[PDB]
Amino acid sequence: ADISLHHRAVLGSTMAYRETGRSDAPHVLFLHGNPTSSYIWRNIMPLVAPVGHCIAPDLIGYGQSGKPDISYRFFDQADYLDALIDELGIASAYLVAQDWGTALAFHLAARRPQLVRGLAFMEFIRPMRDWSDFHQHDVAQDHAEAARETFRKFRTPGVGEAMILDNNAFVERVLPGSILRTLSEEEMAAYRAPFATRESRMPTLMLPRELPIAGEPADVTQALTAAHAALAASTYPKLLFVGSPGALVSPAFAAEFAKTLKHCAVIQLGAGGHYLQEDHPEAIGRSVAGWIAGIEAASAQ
């Protein structure tokens, strides 16, 4: 019962979001990536409810949000998310993010440096100099190579169309292949539901093509480069969750990354895939809610 669904009309379309917690608590934005929706935060938001006003948007073209006729590039995603945030009047918020949600969060904090009260993040996107940086790890390689090959295909003209628009591979193969626990039939149903038609899957094809790999595309590479430099300069508290062996972010890399930042703690979750929320909702929700309470306590008087 506790989580409600809402919609706001913005940029000539609608954005959906899930909402829980007291109206008067600090704002907490939960930002999903590809090809998920605010549904992926369903077991995490109730744990954070006692300390934050939890808002979990569905990105444009994802979940219950509209499907306008737009390019669905990273910058489109940023623009729709901004519009919703502004419509709701959110001027100050914690961010909790994963996948393309972290790219959105980093870019948001860069453009709006007074907004972020703290960032909780995991499995984050950064500029990758070469394909060896996509899913980089030291554990005795076969998985990492096969994810590289999937995304190489997603990024190939015609091939990517057939895999994603025709066969919905990002939702049907990549998503469950990246979570350890067995998803229920209703959980798969909820993930595939926005994506029933071929055309509706375009956003899920657009995002692996926006990944900043070998400088391509340059616009996203450059924006995420600016965003990472702002992240490194920022002073707000940060919580970085990491799984083993890590998809985009290994435990070793998390540790080294965290030293490049101010006030970042690393939380080792143990075994996981790319989408950590489905294997660790309780460890994530519990950590985040205590972290917010801490920051709010220490910040006030």
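Residues carry their position along the shown sequence, with the first being 1.
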Exercise for review: Look over 248-256 and 38-46 in the entry and identify the one with the greater average Cα temperature factor.
Suggested key: 248-256
Revision key, fill the gap. Of 221-229 and 161-169, the stretch with the higher mean C-alpha B-factor in the deposited entry is 161-169
Revision key, fill the gap. From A140, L207, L95, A109, the top C-alpha temperature factor is at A140
Practice item. Select one of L115, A105, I85, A214: the residue whose C-alpha shows the highest B-factor in the crystal structure entry. Key: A214
Exercise for review: Check where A190 lands among this chain's C-alpha B-factors and tell me if it's the lowest, middle or highest third.
Suggested key: middle
Revision key, fill the gap. On the chain's distribution of Cα B-factors, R201 falls within the third called middle
**Study point:** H274 - Cα temperature factor, lowest/middle/highest third of chain
**Key:** highest
Review point. Thinking about Cα B factors across the chain, which third does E145 belong to?
Key: highest
Practice item. Tell me, lowest, middle or highest third: where does the Cα B factor of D133 rank within its chain? Key: highest
